[PDB]
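Asker: One file is attached below, query02.txt, containing compact mmCIF, C-alpha atoms.
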# COMPACT_ATOMS: atom_id res chain seq x y z
CA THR A 2 128.41 78.60 105.33
CA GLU A 3 124.72 78.14 106.10
CA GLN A 4 122.53 75.56 104.44
CA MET A 5 119.05 74.09 104.60
CA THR A 6 117.69 70.79 105.89
CA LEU A 7 114.21 69.44 105.15
CA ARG A 8 112.34 69.82 108.42
CA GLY A 9 108.98 68.15 107.87
CA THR A 10 105.64 68.46 106.11
CA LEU A 11 102.10 69.38 107.18
CA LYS A 12 98.92 67.87 105.70
CA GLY A 13 95.35 69.08 105.81
CA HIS A 14 94.24 70.40 102.42
CA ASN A 15 92.52 68.82 99.44
CA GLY A 16 93.62 71.62 97.12
CA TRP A 17 96.62 73.77 96.31
CA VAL A 18 97.98 75.94 99.12
CA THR A 19 97.74 79.45 97.63
CA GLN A 20 99.26 81.63 100.33
CA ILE A 21 100.61 81.42 103.84
CA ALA A 22 101.14 84.18 106.37
CA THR A 23 102.43 84.10 109.91
CA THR A 24 101.18 85.60 113.14
CA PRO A 25 104.14 87.41 114.86
CA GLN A 26 102.11 87.54 118.09
CA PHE A 27 102.11 83.76 118.17
CA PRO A 28 104.75 81.87 116.13
CA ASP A 29 102.77 78.93 117.57
CA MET A 30 100.07 79.44 114.94
CA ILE A 31 100.45 79.86 111.21
CA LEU A 32 97.71 80.48 108.67
CA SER A 33 97.18 79.20 105.17
CA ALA A 34 94.68 79.55 102.36
CA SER A 35 93.94 77.09 99.58
CA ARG A 36 91.99 76.07 96.50
CA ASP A 37 89.48 73.97 98.35
CA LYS A 38 87.77 77.05 99.76
CA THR A 39 89.10 77.12 103.31
CA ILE A 40 91.67 78.98 105.35
CA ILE A 41 93.24 76.73 107.95
CA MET A 42 94.43 78.08 111.26
CA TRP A 43 96.91 75.59 112.55
CA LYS A 44 98.15 74.44 115.89
CA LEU A 45 101.85 73.78 115.51
CA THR A 46 104.14 71.50 117.39
CA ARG A 47 107.82 70.84 116.84
CA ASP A 48 107.09 67.13 117.51
CA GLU A 49 107.70 64.16 115.24
CA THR A 50 104.19 62.67 115.62
CA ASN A 51 103.12 65.67 113.58
CA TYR A 52 104.52 69.12 112.96
CA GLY A 53 101.01 70.42 113.55
CA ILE A 54 97.34 69.66 113.20
CA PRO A 55 94.60 71.97 111.79
CA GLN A 56 92.70 73.60 114.63
CA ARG A 57 89.82 75.08 112.66
CA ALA A 58 88.84 75.96 109.12
CA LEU A 59 87.01 79.22 108.49
CA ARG A 60 84.28 78.81 105.91
CA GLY A 61 81.91 81.05 104.06
CA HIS A 62 83.35 81.87 100.63
CA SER A 63 81.81 80.27 97.55
CA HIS A 64 85.12 80.08 95.71
CA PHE A 65 88.85 79.64 96.47
CA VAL A 66 90.58 81.79 99.06
CA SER A 67 93.54 83.37 97.30
CA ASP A 68 95.34 85.38 99.99
CA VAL A 69 95.12 85.75 103.74
CA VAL A 70 96.84 88.16 106.13
CA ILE A 71 97.06 88.64 109.91
CA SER A 72 96.11 91.68 111.97
CA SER A 73 98.64 93.65 114.04
CA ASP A 74 96.58 92.57 117.07
CA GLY A 75 96.67 88.97 115.80
CA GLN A 76 93.05 88.42 116.85
CA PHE A 77 91.63 89.38 113.46
CA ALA A 78 92.32 88.11 109.99
CA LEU A 79 91.35 89.29 106.58
CA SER A 80 90.86 87.46 103.30
CA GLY A 81 90.69 87.88 99.55
CA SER A 82 88.80 85.29 97.55
CA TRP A 83 87.92 84.35 93.97
CA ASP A 84 84.23 85.10 94.71
CA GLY A 85 84.69 88.86 94.18
CA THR A 86 84.11 89.73 97.86
CA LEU A 87 86.20 89.89 101.04
CA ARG A 88 85.52 88.88 104.62
CA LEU A 89 86.92 90.21 107.85
CA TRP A 90 87.26 87.42 110.33
CA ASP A 91 87.37 87.42 114.08
CA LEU A 92 90.14 84.92 114.45
CA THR A 93 88.94 82.80 117.34
CA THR A 94 86.23 80.49 116.01
CA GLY A 95 84.83 82.25 112.95
CA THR A 96 81.94 84.70 113.14
CA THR A 97 82.73 87.36 110.51
CA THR A 98 82.96 90.88 111.90
CA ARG A 99 82.16 92.37 108.54
CA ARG A 100 81.96 91.30 104.92
CA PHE A 101 83.14 93.86 102.40
CA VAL A 102 80.99 94.26 99.29
CA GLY A 103 82.58 95.76 96.25
CA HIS A 104 84.52 94.82 93.10
CA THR A 105 82.89 93.41 89.98
CA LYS A 106 85.29 90.47 89.68
CA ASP A 107 87.72 88.58 91.95
CA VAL A 108 89.79 89.81 94.86
CA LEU A 109 93.26 88.51 94.25
CA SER A 110 95.31 90.39 96.82
CA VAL A 111 94.54 92.02 100.13
CA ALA A 112 96.54 93.58 102.95
CA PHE A 113 95.99 95.03 106.40
CA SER A 114 97.78 98.16 107.61
CA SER A 115 99.86 98.96 110.68
CA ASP A 116 97.35 101.68 111.63
CA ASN A 117 94.46 99.15 111.34
CA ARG A 118 92.08 101.52 109.58
CA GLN A 119 93.31 101.15 106.00
CA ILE A 120 92.86 97.97 104.02
CA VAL A 121 93.65 97.72 100.33
CA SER A 122 92.73 95.18 97.67
CA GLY A 123 93.78 94.24 94.16
CA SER A 124 91.00 93.12 91.88
CA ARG A 125 90.29 92.13 88.31
CA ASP A 126 87.82 95.02 88.36
CA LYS A 127 91.04 96.96 87.57
CA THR A 128 90.70 98.87 90.81
CA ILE A 129 92.86 99.49 93.81
CA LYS A 130 90.52 100.49 96.60
CA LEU A 131 90.84 101.76 100.15
CA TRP A 132 88.66 100.41 102.88
CA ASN A 133 87.53 101.60 106.27
CA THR A 134 87.67 98.85 108.91
CA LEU A 135 83.93 99.44 109.22
CA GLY A 136 83.87 97.79 105.78
CA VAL A 137 82.91 100.80 103.71
CA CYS A 138 84.90 102.45 100.92
CA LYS A 139 87.14 105.23 102.13
CA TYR A 140 88.23 105.87 98.56
CA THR A 141 88.31 103.96 95.28
CA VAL A 142 91.08 104.23 92.73
CA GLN A 143 89.99 103.85 89.12
CA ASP A 144 91.54 106.89 87.45
CA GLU A 145 95.25 106.81 86.55
CA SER A 146 94.90 103.09 87.32
CA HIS A 147 96.04 99.99 85.46
CA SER A 148 94.22 99.03 82.24
CA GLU A 149 94.83 95.39 83.14
CA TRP A 150 94.09 93.48 86.32
CA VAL A 151 95.76 94.59 89.54
CA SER A 152 97.90 91.70 90.65
CA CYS A 153 99.20 92.65 94.08
CA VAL A 154 99.20 95.65 96.35
CA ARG A 155 101.24 96.23 99.50
CA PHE A 156 101.40 98.56 102.46
CA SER A 157 104.80 100.10 103.05
CA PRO A 158 106.16 101.29 106.44
CA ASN A 159 104.47 104.55 107.44
CA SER A 160 107.53 105.85 109.28
CA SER A 161 106.87 109.17 107.61
CA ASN A 162 106.19 107.82 104.12
CA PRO A 163 102.66 107.71 102.64
CA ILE A 164 103.20 105.16 99.89
CA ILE A 165 101.48 101.94 98.85
CA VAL A 166 102.65 99.66 96.06
CA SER A 167 100.56 98.37 93.14
CA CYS A 168 101.56 96.08 90.30
CA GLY A 169 99.45 94.86 87.43
CA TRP A 170 99.60 92.64 84.38
CA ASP A 171 100.33 95.73 82.26
CA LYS A 172 104.07 95.38 82.97
CA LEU A 173 104.24 98.31 85.40
CA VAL A 174 104.57 99.04 89.10
CA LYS A 175 102.55 102.04 90.20
CA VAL A 176 103.17 103.73 93.50
CA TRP A 177 100.29 105.61 95.02
CA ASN A 178 100.40 108.19 97.75
CA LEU A 179 97.89 108.11 100.55
CA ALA A 180 95.32 110.91 100.69
CA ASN A 181 96.26 112.44 97.34
CA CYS A 182 95.94 109.22 95.35
CA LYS A 183 98.32 110.28 92.59
CA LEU A 184 100.99 108.34 90.75
CA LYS A 185 104.25 108.88 92.65
CA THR A 186 106.10 107.08 89.86
CA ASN A 187 105.81 104.36 87.23
CA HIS A 188 108.55 101.73 86.98
CA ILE A 189 109.16 99.82 83.77
CA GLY A 190 111.51 96.82 83.51
CA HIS A 191 109.55 93.56 83.32
CA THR A 192 109.21 91.72 80.02
CA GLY A 193 106.58 89.43 81.50
CA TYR A 194 103.53 90.44 83.52
CA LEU A 195 103.97 91.07 87.24
CA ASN A 196 102.67 88.58 89.75
CA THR A 197 103.81 89.99 93.04
CA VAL A 198 105.78 92.66 94.88
CA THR A 199 106.79 93.03 98.53
CA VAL A 200 108.60 95.64 100.60
CA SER A 201 111.41 95.19 103.13
CA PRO A 202 110.46 95.55 106.84
CA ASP A 203 113.20 98.18 107.18
CA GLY A 204 111.69 100.04 104.24
CA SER A 205 114.18 100.82 101.52
CA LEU A 206 113.52 98.10 99.00
CA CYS A 207 110.87 96.63 96.77
CA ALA A 208 111.50 93.13 95.53
CA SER A 209 109.27 92.79 92.48
CA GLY A 210 108.85 89.91 90.11
CA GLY A 211 106.78 88.41 87.39
CA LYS A 212 107.19 86.19 84.35
CA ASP A 213 110.16 88.42 83.40
CA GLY A 214 112.53 85.63 84.43
CA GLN A 215 114.73 88.25 86.06
CA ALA A 216 114.04 89.51 89.59
CA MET A 217 114.43 93.29 89.54
CA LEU A 218 114.77 95.47 92.61
CA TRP A 219 113.34 98.96 93.03
CA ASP A 220 113.94 101.61 95.69
CA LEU A 221 111.12 102.48 98.06
CA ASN A 222 112.55 105.91 98.85
CA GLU A 223 112.31 107.51 95.39
CA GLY A 224 112.18 104.72 92.79
CA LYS A 225 115.52 103.67 91.30
CA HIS A 226 116.44 100.37 89.67
CA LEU A 227 118.95 99.10 92.21
CA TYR A 228 119.96 95.86 90.52
CA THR A 229 118.75 92.64 88.91
CA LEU A 230 119.48 88.91 89.18
CA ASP A 231 118.96 86.14 86.63
CA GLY A 232 116.71 83.60 88.29
CA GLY A 233 113.07 82.97 89.07
CA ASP A 234 111.49 81.77 85.83
CA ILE A 235 108.04 82.35 87.24
CA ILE A 236 107.86 84.35 90.44
CA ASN A 237 104.84 83.81 92.63
CA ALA A 238 105.97 84.88 96.07
CA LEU A 239 108.82 86.86 97.52
CA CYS A 240 109.58 87.46 101.19
CA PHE A 241 112.31 89.44 102.95
CA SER A 242 113.77 88.04 106.20
CA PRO A 243 113.95 89.78 109.61
CA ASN A 244 117.02 88.03 111.10
CA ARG A 245 119.17 88.31 108.00
CA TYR A 246 119.00 90.42 104.89
CA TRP A 247 117.95 87.65 102.54
CA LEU A 248 115.24 87.38 99.91
CA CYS A 249 113.49 84.10 99.23
CA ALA A 250 112.27 83.46 95.69
CA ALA A 251 109.50 81.04 94.76
CA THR A 252 110.01 79.31 91.42
CA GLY A 253 107.90 76.30 90.39
CA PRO A 254 110.22 73.30 90.81
CA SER A 255 112.41 74.94 93.42
CA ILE A 256 112.93 77.77 95.89
CA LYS A 257 116.00 79.96 95.40
CA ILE A 258 117.11 81.63 98.64
CA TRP A 259 119.39 84.57 97.84
CA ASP A 260 121.86 86.53 99.94
CA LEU A 261 122.11 90.05 98.48
CA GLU A 262 125.25 91.12 100.37
CA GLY A 263 126.88 90.38 97.91
CA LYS A 264 124.56 88.85 95.32
CA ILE A 265 124.81 85.07 95.46
CA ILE A 266 122.56 82.02 95.89
CA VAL A 267 122.66 80.54 99.40
CA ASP A 268 120.93 77.25 98.49
CA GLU A 269 118.33 75.84 96.13
CA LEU A 270 115.61 73.80 97.81
CA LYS A 271 114.89 70.64 95.86
CA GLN A 272 112.33 68.06 96.85
CA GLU A 273 113.22 64.35 96.72
CA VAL A 274 112.58 62.53 93.41
CA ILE A 275 109.43 60.65 92.50
CA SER A 276 109.30 58.49 89.38
CA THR A 277 106.82 59.89 86.89
CA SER A 278 105.99 59.55 83.24
CA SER A 279 106.05 61.64 81.08
CA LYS A 280 107.01 64.25 83.66
CA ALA A 281 104.94 65.49 86.58
CA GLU A 282 107.70 65.17 89.19
CA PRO A 283 107.75 68.88 90.26
CA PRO A 284 104.76 70.34 92.07
CA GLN A 285 104.69 74.13 91.75
CA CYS A 286 105.71 76.24 94.74
CA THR A 287 103.46 79.26 94.89
CA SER A 288 103.96 80.76 98.34
CA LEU A 289 106.50 81.02 101.10
CA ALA A 290 106.84 82.93 104.34
CA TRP A 291 109.45 83.28 107.07
CA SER A 292 108.87 82.79 110.76
CA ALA A 293 109.79 85.51 113.25
CA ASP A 294 112.89 83.58 114.35
CA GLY A 295 113.94 83.36 110.72
CA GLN A 296 115.33 79.87 111.29
CA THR A 297 112.32 78.16 109.76
CA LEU A 298 110.33 78.99 106.69
CA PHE A 299 107.32 77.25 105.30
CA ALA A 300 106.23 76.90 101.70
CA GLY A 301 102.97 76.34 99.90
CA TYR A 302 102.90 73.84 97.10
CA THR A 303 100.29 72.51 94.72
CA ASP A 304 100.61 68.93 95.97
CA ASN A 305 98.37 70.07 98.85
CA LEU A 306 101.22 70.16 101.36
CA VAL A 307 103.00 72.83 103.31
CA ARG A 308 106.65 71.84 103.27
CA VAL A 309 108.86 73.03 106.12
CA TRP A 310 112.61 73.69 105.97
CA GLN A 311 115.09 75.00 108.51
CA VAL A 312 118.40 76.89 108.26
CA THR A 313 121.37 75.17 109.85
CA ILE A 314 124.65 76.92 110.48
CA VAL B 172 51.90 81.66 55.56
CA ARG B 173 49.30 82.94 53.12
CA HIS B 174 46.64 81.26 51.07
CA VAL B 175 46.06 82.78 47.67
CA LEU B 176 43.07 81.89 45.52
CA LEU B 177 42.68 81.38 41.83
CA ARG B 178 39.83 80.33 39.55
CA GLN B 179 41.20 76.80 39.47
CA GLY B 180 42.45 75.67 42.88
CA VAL B 181 44.41 77.32 45.67
CA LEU B 182 48.14 77.94 46.08
CA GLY B 183 50.04 77.94 49.34
CA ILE B 184 52.70 80.55 49.97
CA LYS B 185 55.33 80.36 52.68
CA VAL B 186 58.04 82.91 53.28
CA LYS B 187 60.93 82.57 55.69
CA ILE B 188 63.48 85.34 56.13
CA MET B 189 66.49 85.51 58.40
CA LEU B 190 67.30 88.66 60.33
CA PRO B 191 70.73 90.28 59.93
CA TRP B 192 71.41 91.89 63.35
CA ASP B 193 73.69 90.04 65.75
CA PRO B 194 76.45 91.88 67.79
CA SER B 195 76.31 95.55 66.69
CA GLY B 196 72.77 96.65 66.09
CA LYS B 197 70.02 96.92 67.25
CA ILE B 198 71.38 95.86 69.96
CA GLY B 199 68.63 93.27 70.09
CA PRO B 200 69.68 89.78 68.86
CA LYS B 201 71.98 87.79 71.13
CA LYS B 202 75.49 86.64 70.29
CA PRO B 203 75.05 82.91 69.18
CA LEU B 204 75.75 82.57 65.47
CA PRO B 205 73.46 80.36 63.27
CA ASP B 206 74.84 76.83 63.63
CA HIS B 207 78.49 77.40 64.43
CA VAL B 208 78.75 79.60 67.51
CA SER B 209 81.86 81.72 67.12
CA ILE B 210 84.24 83.77 69.23
CA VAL B 211 85.58 87.15 68.07
CA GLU B 212 89.05 87.85 69.33
CA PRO B 213 90.81 91.28 69.43
CA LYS B 214 94.58 91.45 68.78
CA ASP B 215 97.50 93.08 70.61
CA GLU B 216 100.44 91.57 72.50
CA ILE B 217 103.87 93.29 72.48
CA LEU B 218 106.35 94.67 75.02
CA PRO B 219 109.03 97.34 74.76
CA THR B 220 110.35 97.23 78.37
CA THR B 221 113.92 98.18 79.41
CA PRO B 222 115.04 99.47 82.89
CA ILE B 223 113.87 103.03 83.59
CA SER B 224 112.16 104.89 86.42
CA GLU B 225 109.92 107.83 85.63
CA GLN B 226 109.70 109.91 88.76
CA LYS B 227 106.65 112.11 89.16
Once more with this new file: its structure as structure tokens, please.

Answerer:
Amino acid sequence: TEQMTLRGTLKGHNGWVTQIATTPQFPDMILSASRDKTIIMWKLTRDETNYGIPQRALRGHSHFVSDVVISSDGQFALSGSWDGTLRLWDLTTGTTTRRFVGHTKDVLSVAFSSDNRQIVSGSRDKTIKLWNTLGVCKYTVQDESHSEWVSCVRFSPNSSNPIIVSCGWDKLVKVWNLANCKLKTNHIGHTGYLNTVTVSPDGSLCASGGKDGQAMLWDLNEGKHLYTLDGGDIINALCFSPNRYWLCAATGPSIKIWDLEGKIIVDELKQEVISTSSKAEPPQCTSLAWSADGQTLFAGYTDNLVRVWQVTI
Amino acid sequence: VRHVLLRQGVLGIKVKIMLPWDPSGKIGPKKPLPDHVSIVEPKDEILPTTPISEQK
């Protein structure tokens, strides 16, 4: 069997790490966002003096930076922030290429396409929107849309499939088709509101979650409820793996890493105890992301740390 | 305020009247209530969800 060892821990933030994403061009870097209004681009080592040091911190937003994502090129970076605006970075020193003006209220989620000409956004404006990489609005989606805030959107592999995922707090997952902008389907099956959704790199799956408590799985190819697992009280982040077919589930006190072939828990990551009264011993895990190797994964927590783990065989 | 005369002395009138409009209508007056500023809260919160896919 395969199990997990606690690798190390990074330090650099004064606020809660909100999201992390990983450059596949360089596994040497890794990127993070946080609730102290900075995105930190790191310089990693595998050393014991540190596991990495912050190289720079890109600044400009007047509120927290919720989510962050890499470019296919890996020399650009894109952001969603609780100031209601987005910025399009030139990931070297700073120096914004473009800042995107739209959306009445916050930009919660953001993503950057394979084609590098389509950029989507989820907002509390209750709008999915499409964006030219000239920072102008290719289209805006506001009809047939959610009546509650749009929680997270995703780009799906465009192998021949023009589909993009959307999930809101209205207890629904809406799939939208590029350049027709219609509902492909509506999926129902979450008691709680949906936080997140993510698609497999292969492109056949949609791991969706919320405050349902159950982690339900949907099919990317036509929309079928594949199966369900009991686990993940509050689901904040999900991430498929490239080197295995796993799915890594972010609960507050713990991370539950699941093998799906067949359905079983591989391990549960627990942090070492700290004596508290009345009880404040768990810090919430909110994000997680695999490295390209798939040996190491990183996690974002609300204790202002990015905890590292590694798979051992 | 109005002064009114009479054959013996003067009488002082004062009138103070409080306007009724607040959220709906004119719209003119702003939201803050007299001396306890109050929140008005709509209601709805249910679910009916069970596994289904509605393919369109």

Asker: Show me, as a list in words, the residues that have an atom within 10 Å of residue B:227 when counting all atoms listed in the file, minus same-chain residues fewer than 4 positions from it.

Answerer: residues 183, 184, 185, 186, 187, 223 and 224 of chain A

Asker: What are the residues of chain A lining chain B at 12 Å or less? Count only C-alpha atoms, and put the answer as a ChimeraX atom specification.

Answerer: /A:170-178,183-194,213,215,217-229

Asker: Taking C-alpha atoms for each residue, export the selection above as a compact mmCIF listing (two decimals), keeping the file's coordinate frame.

Answerer:
# COMPACT_ATOMS: atom_id res chain seq x y z
CA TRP A 170 99.60 92.64 84.38
CA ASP A 171 100.33 95.73 82.26
CA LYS A 172 104.07 95.38 82.97
CA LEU A 173 104.24 98.31 85.40
CA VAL A 174 104.57 99.04 89.10
CA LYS A 175 102.55 102.04 90.20
CA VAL A 176 103.17 103.73 93.50
CA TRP A 177 100.29 105.61 95.02
CA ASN A 178 100.40 108.19 97.75
CA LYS A 183 98.32 110.28 92.59
CA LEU A 184 100.99 108.34 90.75
CA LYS A 185 104.25 108.88 92.65
CA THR A 186 106.10 107.08 89.86
CA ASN A 187 105.81 104.36 87.23
CA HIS A 188 108.55 101.73 86.98
CA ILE A 189 109.16 99.82 83.77
CA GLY A 190 111.51 96.82 83.51
CA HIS A 191 109.55 93.56 83.32
CA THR A 192 109.21 91.72 80.02
CA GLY A 193 106.58 89.43 81.50
CA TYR A 194 103.53 90.44 83.52
CA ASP A 213 110.16 88.42 83.40
CA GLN A 215 114.73 88.25 86.06
CA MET A 217 114.43 93.29 89.54
CA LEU A 218 114.77 95.47 92.61
CA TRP A 219 113.34 98.96 93.03
CA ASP A 220 113.94 101.61 95.69
CA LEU A 221 111.12 102.48 98.06
CA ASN A 222 112.55 105.91 98.85
CA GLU A 223 112.31 107.51 95.39
CA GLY A 224 112.18 104.72 92.79
CA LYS A 225 115.52 103.67 91.30
CA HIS A 226 116.44 100.37 89.67
CA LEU A 227 118.95 99.10 92.21
CA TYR A 228 119.96 95.86 90.52
CA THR A 229 118.75 92.64 88.91

Asker: Given 5 Å of margin on each side, can you work out the centre and size in Å (one decimal) of an axis-aligned box holding every listed atom of stretch 197-216 of chain A, as JSON?

Answerer:
{"center_x": 109.3, "center_y": 93.2, "center_z": 95.3, "size_x": 20.9, "size_y": 25.2, "size_z": 33.8}

Asker: Which residues come within 10 Å of stretch 254-257 of chain A, counting all atoms listed in the file, excluding same-chain residues fewer than 4 positions away, as a VMD selection string?

Answerer: chain A and resid 232 to 236 238 248 to 250 266 to 272 282 to 289 300 302

Asker: Would you pick out the contacts of stretch 142-148 of chain A at 8 Å or less, using all atoms listed in the file, so that residues sharing its chain but fewer than 3 positions from it are not included, and give the list as a list in words?

Answerer: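 The filter keeps residues 127, 128, 129, 130, 131, 151, 169, 171, 182, 183 and 184 of chain A.
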
Asker: Rounded to one decimal, what separation in Å do you get between atom CA of residue A:111 and atom CA of residue A:70?

Answerer: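 So the two atoms, atom CA of residue A:111 and atom CA of residue A:70, lie 7.5 Å apart.
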
Asker: Figure out the distance between atom CA of residue A:95 and atom CA of residue A:39, please, to one decimal in Å.

Answerer: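 Separation between atom CA of residue A:39 and atom CA of residue A:95: 11.7 Å.
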
Asker: Residues near residue A:64, anyone? I mean within 7 Å using all atoms listed in the file, not counting same-chain ones fewer than 5 positions away, as a PyMOL selection string.

Answerer: chain A and resi 38+82-84

Asker: Name the closest residue to residue A:10 among the candidates A:135, A:41, A:298, A:314; distances are taken between atoms, counting all atoms listed in the file.

Answerer: A:298

Asker: Please, what distance in Å, to one decimal, runs between atom CA of residue A:196 and atom CA of residue A:230?

Answerer: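 Going from atom CA of residue A:196 over to atom CA of residue A:230, I get 16.8 Å.
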
Asker: Could you rebuild stretch 267-282 of chain A with N, CA and C atoms and give me the result as a CSV table (one decimal), in the frame of the given file?

Answerer:
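And here is the file that came out, part_8.csv:
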chain,number,residue,atom,x,y,z
A,267,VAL,N,122.3,81.3,98.2
A,267,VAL,CA,122.7,80.5,99.4
A,267,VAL,C,122.5,79.1,99.1
A,268,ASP,N,121.2,78.6,98.8
A,268,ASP,CA,120.9,77.2,98.5
A,268,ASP,C,119.8,77.3,97.5
A,269,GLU,N,119.5,76.1,96.9
A,269,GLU,CA,118.3,75.8,96.1
A,269,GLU,C,117.6,74.7,96.8
A,270,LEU,N,116.4,74.9,97.2
A,270,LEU,CA,115.6,73.8,97.8
A,270,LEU,C,115.1,73.0,96.7
A,271,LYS,N,115.4,71.7,96.7
A,271,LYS,CA,114.9,70.6,95.9
A,271,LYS,C,114.2,69.6,96.7
A,272,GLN,N,113.1,69.1,96.2
A,272,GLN,CA,112.3,68.1,96.8
A,272,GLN,C,112.9,66.8,96.3
A,273,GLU,N,112.8,65.7,97.1
A,273,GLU,CA,113.2,64.4,96.7
A,273,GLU,C,112.4,63.8,95.5
A,274,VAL,N,113.1,63.0,94.7
A,274,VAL,CA,112.6,62.5,93.4
A,274,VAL,C,111.4,61.6,93.6
A,275,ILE,N,110.5,61.6,92.6
A,275,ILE,CA,109.4,60.6,92.5
A,275,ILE,C,109.4,60.3,91.0
A,276,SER,N,109.2,59.0,90.7
A,276,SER,CA,109.3,58.5,89.4
A,276,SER,C,108.0,58.7,88.7
A,277,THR,N,108.0,59.5,87.6
A,277,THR,CA,106.8,59.9,86.9
A,277,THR,C,107.1,59.7,85.4
A,278,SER,N,106.0,59.6,84.7
A,278,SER,CA,106.0,59.6,83.2
A,278,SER,C,104.8,60.3,82.8
A,279,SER,N,104.9,61.2,81.8
A,279,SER,CA,106.0,61.6,81.1
A,279,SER,C,106.9,62.5,82.0
A,280,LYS,N,106.3,63.4,82.8
A,280,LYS,CA,107.0,64.2,83.7
A,280,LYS,C,106.0,65.0,84.4
A,281,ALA,N,105.9,64.9,85.7
A,281,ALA,CA,104.9,65.5,86.6
A,281,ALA,C,105.6,65.4,88.0
A,282,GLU,N,106.9,65.2,88.0
A,282,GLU,CA,107.7,65.2,89.2
A,282,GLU,C,107.7,66.5,90.0
